[PDB]
Amino acid sequence: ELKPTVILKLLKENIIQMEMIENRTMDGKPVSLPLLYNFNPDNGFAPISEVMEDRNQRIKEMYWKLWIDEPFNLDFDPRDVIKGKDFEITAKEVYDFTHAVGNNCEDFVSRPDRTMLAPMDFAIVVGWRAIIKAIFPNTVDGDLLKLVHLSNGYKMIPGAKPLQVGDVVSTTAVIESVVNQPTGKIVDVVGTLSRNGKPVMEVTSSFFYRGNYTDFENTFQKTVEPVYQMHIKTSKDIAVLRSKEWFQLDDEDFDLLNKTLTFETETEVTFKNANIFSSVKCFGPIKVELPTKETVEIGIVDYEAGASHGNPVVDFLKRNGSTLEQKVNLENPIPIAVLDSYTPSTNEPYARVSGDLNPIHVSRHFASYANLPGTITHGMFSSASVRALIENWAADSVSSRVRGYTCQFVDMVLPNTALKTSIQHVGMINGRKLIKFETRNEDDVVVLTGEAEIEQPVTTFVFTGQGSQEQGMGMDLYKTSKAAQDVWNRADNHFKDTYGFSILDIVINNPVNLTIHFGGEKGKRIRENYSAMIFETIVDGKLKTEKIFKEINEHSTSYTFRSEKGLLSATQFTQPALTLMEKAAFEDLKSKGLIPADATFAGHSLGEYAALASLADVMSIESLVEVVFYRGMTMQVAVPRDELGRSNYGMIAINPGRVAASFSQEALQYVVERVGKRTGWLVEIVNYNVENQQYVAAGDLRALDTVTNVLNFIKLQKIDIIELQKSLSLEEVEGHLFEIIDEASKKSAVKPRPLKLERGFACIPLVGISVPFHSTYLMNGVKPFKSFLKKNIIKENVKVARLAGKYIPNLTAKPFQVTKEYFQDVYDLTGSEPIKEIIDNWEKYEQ
Amino acid sequence: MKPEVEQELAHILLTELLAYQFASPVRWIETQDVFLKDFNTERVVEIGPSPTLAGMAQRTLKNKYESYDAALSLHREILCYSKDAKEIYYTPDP
């Protein structure tokens, strides 16, 4: 329909009133903007002079009734925090916002038995009324027609969930910094979102009033600085910190050596001119890390300066302090996608939902007065359209994965424009994926730039146990990687200075023999370490604490490690080698920032020890190497060998799905327990690998020869244990299996004690294994191991927040928690006395 | 629970967990039925010299987690560090 948009007329004898009436308002009553001119007929050339007095105040007053839903008042202080009225996120408004922007994410659709999320796009809507309010005051004096939105950034506060449907949001916003640039006046506005009291996310915006602004008294910069860590290792760093008068410790004689100092600083700057600062006052509490990681205030930055040209504090903490999460780029920036979006013919449907009723985007006449090439499409729409493609292609159709998103509006886009975005994954930041995008119009002219910080998908680490120890494993990384080199060097040096050999030698060339020589004052130290290693064994129902290396006394000049093929295949060099290769690999991923902060980790037996030191850094690499070497030696000395070094134990890789298609793991556990009872020879299930597919049963070498014979016989006879015990006869399968265990055990008790373990139809004999570890048999071997662990793992180096819900032991098969229920579960599985002290005295450790 | 007392109890717990771990069976099925279901983990990275754990984790998902993943509509990536190193480091060939 044909509505009146302009009314040109006379207001007085000399005054003209070109009154631009826009119709798309909040209520529906069209809002009139009366811009004036002073018609002077005595100026024949230019008889029109535009009224400048009150011009910006009128323009603002119109835009108030367009955006703000309050009484018009500009005599408020910009410094003061602005608190926008709370807004409920409704399913209908999430439908209409997602329809306007063309966002096709399932998370924002009404689904069965599912919460509808709200896009972080939607946040700019709720904020808008507070954020825009920032640019209104009388001390931010500018024409709003010449408002350039430079950039807009969303940053999801760590440990928050993205916005859900029905979430009541309490919105604040404050001006970061209003600066008089040469080209105009940049206003940076940060809007916090507070749901349920707790902060969820911080929208950032950058508004650039174009023109000339000399009012530097109005200019300020209220920046909060990023936290900066300093590991104080050497006494020059202390002397430097004590020279810093600003660095005001609460206690003067606080020892700072071998600590970690965080500086939660903020920068306040007030200007004299565009280049110099009138007054700078950087202050904020100086925290120190405790061995508990709970940081304690021990002082304050209280820098107070006048005619400054910078922040010395920020400069100081920048070079001498790390930004916690360092960003590192990829080797080649991966081109993710090259997509082709499309701007709609009109922007009205987005303006209505976003409350962004700026005429210039919709009205032709305002756009003409604003010197624009037409009804320029909403930057916010271009921001939301690209982010929906970044959420589709990089986040992979997930909402929570998108955290950070900053977009700069390089050039304006006109309606009916086929844009072309280029998505590029360039870096990683503490596990997160940093993607840069550049969108171009049909002329290839840059219109959008920006970078989206995306959560890497939820990850679980599994560290392999004792598998294939191929010669020179992990050397490929050790040549290239520096993070791997550091680990390998420290380990190598520690073995040279503790056990008088080099792991690097043993991995690289795998010598058949290696002789430790205890020659000199270093030699004595090596022989003390090799002496102190002990192990406990049950002999005639008697726990004897025997000594590892019986042929190492006070007067032993050398020891010899002797293998047949290579010492790498020996457990005492297999276990550290493999654990170090895994630790070196993980340290390479962690240097390049490919480890998510919340990921789960759970290693398979030996791998577990790596995995603990990997994610949690509980033990030092000098502690890890000792505890994996000692473990390898204790395992090696557990069994009573002959002169050939051969034992009467071993393992088999049983497949319950081969013997039959009805043979479950409850059918296997019955057959193994009955075999163990009847013959009396030790046999247990030590590995539950994969359900009804992979198990490993250790124990006596004859008892695994009975198990192979029993599951060869039952496979041929085609009988099921579970069918006959339930629906045929009660307790008859017990005695009927004893006669099959007795006909296997007679033929298994006639071959000698170094009996070659023979492969059956379901089982495979795990060659090189001579000890039943993960069996009841090694309970006796735990107390010396436990004494060694408590010596090596100092309680000051353990942290709970890197274990609680993340570490999954193989003892329990339950995620690590510090509770009375889990402690009960650990005791039940392993009946120790220090777990009975903690369970009993639990009600004292609660305070 | 104070930070220092909790730290002591955690330190004593992990010590006793590592001390007895080689004296208890490796209940990995009741861990593969924790991080694949309870954590709903969609990326299983194996660090090692052979894809045993990634070849151990693709069998559990085939067996009992076809119906569970088809009812939630997630995609699970299974990777080994020895074999699938490129899709871990994000270093593909043109």
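All chain A residue numbers match Swiss-Prot; in order, they span 1204-2050.
The backbone N, Cα and C atoms fix where each Cβ goes, and this holds for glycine too.
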Record-annotated ubiquitin cross-link (source Swiss-Prot) among candidates A:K1364, A:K1986: A:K1364
Pairwise CA distance, A:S1808 (active site, for malonyltransferase activity) versus A:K1364 (ubiquitin cross-link), rounded so that it is a whole Å: 35
Other CB atoms within 10 A, centred on A:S1808 (active site, for malonyltransferase activity): 21
Cβ-Cβ neighbours of A:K1364 (ubiquitin cross-link) (radius 10 Å): 15
